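Coordinates in review
Below are the chains, spelled out letter by letter.
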Amino acid sequence: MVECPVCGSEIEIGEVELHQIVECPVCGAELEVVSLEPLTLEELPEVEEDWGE
Amino acid sequence: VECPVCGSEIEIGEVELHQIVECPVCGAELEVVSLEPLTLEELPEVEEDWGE
Amino acid sequence: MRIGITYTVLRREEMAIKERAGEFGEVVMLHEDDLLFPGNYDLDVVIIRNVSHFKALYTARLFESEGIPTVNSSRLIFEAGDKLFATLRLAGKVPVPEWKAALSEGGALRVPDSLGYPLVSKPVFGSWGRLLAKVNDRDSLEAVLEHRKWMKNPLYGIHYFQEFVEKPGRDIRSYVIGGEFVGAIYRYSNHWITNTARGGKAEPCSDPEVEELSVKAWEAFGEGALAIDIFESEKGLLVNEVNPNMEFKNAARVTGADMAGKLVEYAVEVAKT
Amino acid sequence: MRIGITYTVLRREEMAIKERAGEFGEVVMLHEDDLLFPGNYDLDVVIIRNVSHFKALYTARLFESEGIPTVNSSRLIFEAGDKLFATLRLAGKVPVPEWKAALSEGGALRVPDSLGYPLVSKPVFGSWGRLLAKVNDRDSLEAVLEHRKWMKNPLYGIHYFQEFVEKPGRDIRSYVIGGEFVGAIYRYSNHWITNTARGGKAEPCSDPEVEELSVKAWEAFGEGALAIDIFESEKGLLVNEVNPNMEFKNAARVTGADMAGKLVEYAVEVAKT
Amino acid sequence: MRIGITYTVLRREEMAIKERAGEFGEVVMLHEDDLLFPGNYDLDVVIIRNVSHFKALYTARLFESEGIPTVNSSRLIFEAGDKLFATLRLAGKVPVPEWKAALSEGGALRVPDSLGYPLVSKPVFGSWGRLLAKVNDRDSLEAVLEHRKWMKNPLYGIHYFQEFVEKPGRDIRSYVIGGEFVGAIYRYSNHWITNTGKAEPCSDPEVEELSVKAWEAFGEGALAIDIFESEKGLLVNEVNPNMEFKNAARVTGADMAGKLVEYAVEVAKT
Amino acid sequence: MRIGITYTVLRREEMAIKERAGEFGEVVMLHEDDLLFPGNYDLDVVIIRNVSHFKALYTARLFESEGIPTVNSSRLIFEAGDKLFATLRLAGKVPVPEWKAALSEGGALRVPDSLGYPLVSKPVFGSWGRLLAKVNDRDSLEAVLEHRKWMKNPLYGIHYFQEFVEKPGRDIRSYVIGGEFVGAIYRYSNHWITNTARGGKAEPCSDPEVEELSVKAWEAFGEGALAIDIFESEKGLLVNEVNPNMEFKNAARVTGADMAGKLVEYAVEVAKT
Ligand SMILES: Nc1ncnc2c1ncn2[C@@H]1O[C@H](COP(=O)(O)OP(=O)(O)O)[C@@H](O)[C@H]1O
Ligand SMILES: Nc1ncnc2c1ncn2[C@@H]1O[C@H](COP(=O)(O)OP(=O)(O)O)[C@@H](O)[C@H]1O
Ligand SMILES: Nc1ncnc2c1ncn2[C@@H]1O[C@H](COP(=O)(O)OP(=O)(O)O)[C@@H](O)[C@H]1O
Ligand SMILES: Nc1ncnc2c1ncn2[C@@H]1O[C@H](COP(=O)(O)OP(=O)(O)O)[C@@H](O)[C@H]1O
Ligand SMILES: [Mg+2]
Ligand SMILES: [Mg+2]
Ligand SMILES: [Mg+2]
Ligand SMILES: [Mg+2]
Ligand SMILES: [Zn+2]
Ligand SMILES: [Zn+2]
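Residues numbered from 1 in each chain as written, not as in the entry; some residues may be left out. Chains lettered and ligands numbered in written order. Part of a larger assembly, values for the part shown. Heavy atoms only, no water. Residues with missing side-chain atoms left out of burial classes, pairs and counts.

- By the method listed in its record, X-ray crystallography, this PDB entry was determined to a resolution of 2.18 Å.

1. What about the relation of the copies chain D and chain C?
- Taken as rigid bodies, chain D and chain C are interconverted by a rotation of 180° and an axial shift of 0.1 Å, the fit giving an RMSD of 0.2 Å. Expressed as an axis order, the relation between the two copies is that of a two-fold axis. No C-alpha of chain D approaches the rotation axis more nearly than that of D:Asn153, which lies at 2.7 Å.
- A shared interface surface links the copies, since 97% of the contact residues of chain D are contact residues in chain C too. (Least-squares fit on C-alpha atoms. Contact = heavy atoms within 4.5 Å.)

2. Notes on the UniProt feature "binding site: ADP 2" (unreviewed entry) in chain E
Residues and elements named next belong to chain E.
- As recorded in UniProt, the feature "binding site: ADP 2" (unreviewed entry) lies at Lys83, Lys122, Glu163, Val165, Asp171, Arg187, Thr194 and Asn237.
- Beyond its immediate chain neighbours, meaning those up to four positions away, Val165 contacts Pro97, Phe228, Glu229, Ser230 and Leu235.
- Following the sequence through the fold, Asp171 ends up in strand β10 (residues 170-177).
- For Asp171, a relative accessible area of 3% puts it in the buried group.
- Discounting chain neighbours no more than four positions away, the residues touching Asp171 are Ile185, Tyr186, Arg187, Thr194, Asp226, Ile227 and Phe228. (UniProt positions renumbered as here; feature names shortened; annotations may be inferred. Helix = DSSP H or I, 4+ residues; strand = E, 2+ residues; numbered from the N terminus. Buried < 20%, exposed > 50% of the residue type's maximum accessible area, 1.4 Å probe, protein only.)

3. Re the packing of helix α7 (residues 138-150) of chain C against helix α7 (residues 138-151) of chain E
- The geometry of α7(C) relative to α7(E) is characterised by a closest axis approach of 10 Å and an angle of 5° between their N-to-C directions. Classified by the angle their axes make, α7(C) and α7(E) are roughly parallel. Between α7(C), through C:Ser140, C:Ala143, C:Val144, C:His147, C:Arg148 and C:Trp150, and α7(E), the contact on the second element is made entirely by E:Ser140, E:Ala143, E:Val144, E:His147, E:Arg148 and E:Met151. (Axes fitted to C-alpha atoms, helices over the stretch in contact; angles between N-to-C directions. Parallel < 35°, antiparallel > 145°, perpendicular 65-115°, else oblique.)

4. Considerations on the site of ligand 2
All names here are of chain D.
- Around ligand 2, 24 residues are found, and the nearest of them are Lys83, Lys122, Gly129, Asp171 and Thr194.
- Separating an oxygen atom of ligand 2 from a backbone N or O atom of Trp128 is a distance of 3.5 Å.
- Protein burial of ligand 2: of its 540 Å² of free accessible surface, 99% is covered by the chains.
- Those elements that provide at least two residues to the shell around ligand 2 are β7 (119-122), β9 (159-163), β13 (225-233) and β14 (236-243).
- Classifying every residue of the shell around ligand 2 gives 8 nonpolar, 7 polar and 9 charged.
- Here the shell around ligand 2 gathers at least three residues from each of two domains, domain 2 (97-165) and domain 3 (166-273). (Near = heavy atom within 4 Å. Polar contact = N/O pair within 3.5 Å; in protein donor to acceptor, adjacent residues only side chain to side chain. Areas by Shrake-Rupley, 256 points an atom, 1.4 Å probe, with all protein chains shown as cover. Nonpolar A, V, L, I, M, F, W, Y, C, P; charged D, E, K, R; others polar. Domains from an automatic or database assignment.)

5. Quick word on the sheet that holds strand β4 (residues 45-49) of chain E
Residues and elements named next belong to chain E.
- Strand order in the open sheet made by the 4 strands is β2-β1-β4-β5, with parallel pairing throughout. Among the strands making up the open sheet, the edge pair consists of β2 (26-31) and β5 (70-71).
- The strands that helix α2 (residues 53-65) touches are β1 (2-7), β2, β4 and β5; relative to β4, the one it contacts most, it runs at about 170°. (Pairing = 2+ DSSP bridges.)

6. Brief notes about the nonpolar core
- In this structure, C:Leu84, D:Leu84, E:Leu84 and F:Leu84 are the most contacted members of the largest nonpolar core, which totals 197 residues.
- Apart from residues no more than four positions distant in its own chain, D:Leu84 is found in contact with C:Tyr58, C:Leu62, D:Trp99, D:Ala101, D:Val124, D:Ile158 and D:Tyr160. (Core = buried A, V, L, I, M, F, W, Y, C linked by side-chain atoms within 4.5 Å.)

7. Section: unusual backbone geometry
- The omega torsion across E:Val71 and E:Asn72 is 0°, close enough to zero to call that bond cis.
- Of note, E:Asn72 is situated in the loop between β5 and α3 (74-81).
- Unusually for a residue other than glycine, A:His19 sits at a positive phi of about 70°.
- When you line up the elements, A:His19 lands in the loop between β2 (10-11) and β3 (21-23).
- Under the relative-accessibility criterion, A:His19 is labelled buried at 13%.
- Although it is not a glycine, C:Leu131 adopts a positive phi angle of roughly 60°.
- With respect to the helices and strands, C:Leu131 occurs in the loop between β7 (119-122) and β8 (133-135).

Structure below.
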């Protein structure tokens, strides 16, 4: 398990990879796995003017 | 026309729209912004992709 | 087979592509921090998934310079990802909305004379519906041009406009990979800007005409994996835009089509080329 | 013969180009306000002289879309005008300073691993010595990358670096038009950045070695009119950069070379096709 | 008496100010390159003429920190120079256009419910006026907000709006220095943005009265005041504490430079 | 009692403040969408928690204009939130690092004659350790200045510098609310920038020297709830900066102090007068 930085809840996200995008099951926060060795979630950086498809 | 930098009335003669000129007295670089009538302005600001 | 995947973050898309790639050979996950050139890479193909369009473009070119083929290519990322270059390529081959391009505020002021109001203003390099403006009159045109002028990016000084198309509460998003249509959706919204990024709702689209037109639109480029944007109008279907770093998680869910697998299959085809 | 000249302001270079063009045919002066596409133009060639690099690129592409050839072409303006795309085409063909490219701040931190210190940071699309930085240590690298990070233009997220070359108080600027070496100057400065735009002082350069290297650098591209930047170093001459919208008023004044005339003669050759 | 003048470029206004100041004592011309703090400056007053409003503000504060009074003061430069702070100060005292302020784009979207269309969007810090927008409908509102959002300058997070005032093809710029009315001009144009050879003197006694009342809302300094005529009478749009006057001086014949310097020497004497 | 809380995003601290208030009266949560002026608000005091310093400033000023007091006040947010205005207020009263301010690039180039190398360049309005530079030589000073110039936010035209202070692997963040010391922490890092936003780690600080110095710093302003940044140096404690939008979640966690509760108490105190 790990703490959501928006909500504060402890959640299970499963077998994640580094820089992977996850949705918090409680608050619906979109988050980035910024570390695995110490499992750390983080809110995404700001959208740049050339981000997308 | 008056130079917008030094205030002097100056002689330019045959010139084109958006031509860069030089003031005879104060030597400021100026842009011909209009010919309706002949109107001088200082150079616009440099943008991040300006040059060669 | 060593298949590189180049990424900023791992969205559903990238997770699914990674899965599919693993069935064909060894996958090398390449975060942007890992990208250093000239470098010593041992790769048969790279699938380019960077969230930044310009980072995608430059990393594709760099891998090409190491002799490593790229999906999509740097040439396609640039042409398809620029609205104006793409419209130029599309204009021969498929119906597109009426458009104009101007190189100064002064020239942009004449655009209504050709297109009429309302018109749409948009930056040449954006995505996700960013900086799209519906301009109903001269006062709005001036405001839009004044703001674009003040913005730092010199690209915002390339003034691209289209006639405003009256859509029926939705537009169409289709996918063509290596010349094969893989699926399409409608994107519904109460607002005229329909991207799922803000956030249009996806429904499957089985329209055979969008399939035929999407393949034609792809053929104007003749390569790669493209997400195509199509509008319905009183004059019929119009091709608006093509996107060289496709998102598809909703499109996949709603159509049941395997966009990710098709992209990877195409990548293994170019790896053997 | 109708020869177009596209321009932002008419510098000395543009007035000279205009005069020479008038010896070969009718000259159509096209300020940016006069550029609106699609449009009806009756022109055999356009000489692209917009001060903005990006406006030059897009106006070339638009004239090409109208079947009007352009000097320089959109392809050359894009490739030559980008530090990274240009060194990629120069690499293996002529000697260049040691270089490194990264795609993120975290990747850029590793650039000194290859290049050592001091190194040179520069933006991929710049000119006139703009935003050039000499970085002597880690703290300086961090400062530069911190600032690039917060700048709006996504292009500042492409991190391009060279080894700092110890030049003898000057560098070299040469000109090659259609394969013909037309002349060269030294640009002297007591600052390591020697551009004449920043106070650099022009002096004629007659080294036969720079002529041959200049032609070879041009042949890496294979078309157009290029101002080439060369460095003298303890390991001989290195090609640094090429420039597709050449300034030359100081170079022509100092060498007697008629860069304007040669540029127009090349334009007239491309008009014939 | 030692009078400093801070400047970005030496132009007509600065040379005029220097000349009048020369009558009262020693003049010290301070280019921005000469401004370094903390430092030792031997000055009784500083006349602030930096072209940037932000540089003006900081240089005034910095001189104040060395015990040197400044015309205009750092307090007036901020209060009067910011559109929002300024209208809050004017609102109790003189008529102003109806206005609205929001702190997010969602709030800004409700502004037309108060102000109606057309409305005017402008930045709080602006002076050049390139970012002024006449917003006629919701699509234009959204376009303006979307562009401001992507400028990522946090000062565009203050969304300030006014009703669009139907002016009679001109507006008014008056000058009040130390409480004294020194002159006013009409600025004519066929565009709704009249901002400045289409100027002439304004001798409407009513703008003189209103102009002094506007200045009295701040109670100090040298201000240019922008006034609109409308169906419901004169309205004070904004005040400007950096005061360009070269045009208004020529058009009206008022010695604007001299009045500014005179005020500065009275300030120098505490 | 009716206590307004103004916020950008609901998180731990805002939620902690919400519950401590409410013990005193009715709490009204005001999202930035709810802020429209002139407006009819029925509040005895507003606790200003907007993430943007600028939005906080204007929000405070706007509530004051409706006769509603604010914690912190617009005046304090202005003076304390701007680093240069703040150090000017501190200069007489408490030791600060040596500093210098210039109004142009040319003046800024003279700064190291006063401060020596290395020195620290930072924006007057910044937080979270963003755009900080440690400048070891002239080349770096030039680089930082070049980049500031091309950002074209007029605020970066104010060039604020400090001597580089050699801290012992950490710095100190103390909290003073209405003149009462409520707690302090150490922030540890092996980078010279020790922000917890930057990956710094917080521990309790019990040093009575910093408690004394914290209250003295607060007193230089004479109002509000402030977070106070202190450095330990070879020449004793120094007050680097003050912050009128105190983040405290780590400080409260690690100290056991009720920052939320103290803040609310002060606000009800402010509501009285
Ligand atoms: N000319 C137009 N007429 C009507 N709607 C448009 C027009 N241009 C764009 N849109 C709407 O805005 C959306 C985004 O525009 P698009 O051109 O695809 O840019 P992006 O690359 O940001 O998706 C489209 O999907 C469509 O819903
Ligand atoms: N790696 C380097 N070593 C030494 N000097 C350099 C280096 N790169 C650039 N310079 C100096 O800075 C000038 C401008 O750099 P350049 O790469 O030509 O960019 P621009 O397109 O801005 O001219 C060069 O003419 C040269 O004097
Ligand atoms: N609310 C408005 N209604 C009508 N015209 C306006 C309004 N606001 C500004 N203008 C016009 O635009 C000009 C510049 O506006 P202003 O508010 O002074 O911005 P700036 O501070 O850039 O001068 C004014 O002199 C006036 O002519
Ligand atoms: N002059 C300096 N010397 C040494 N370290 C500094 C200096 N200025 C800032 N720092 C370090 O950087 C951190 C952030 O700087 P600060 O001035 O607080 O800016 P911010 O408001 O962005 O936090 C400080 O907590 C300190 O650790
Ligand atoms: Mg798109
Ligand atoms: Mg689209
Ligand atoms: Mg160049
Ligand atoms: Mg060069
Ligand atoms: Zn959560
Ligand atoms: Zn002159």
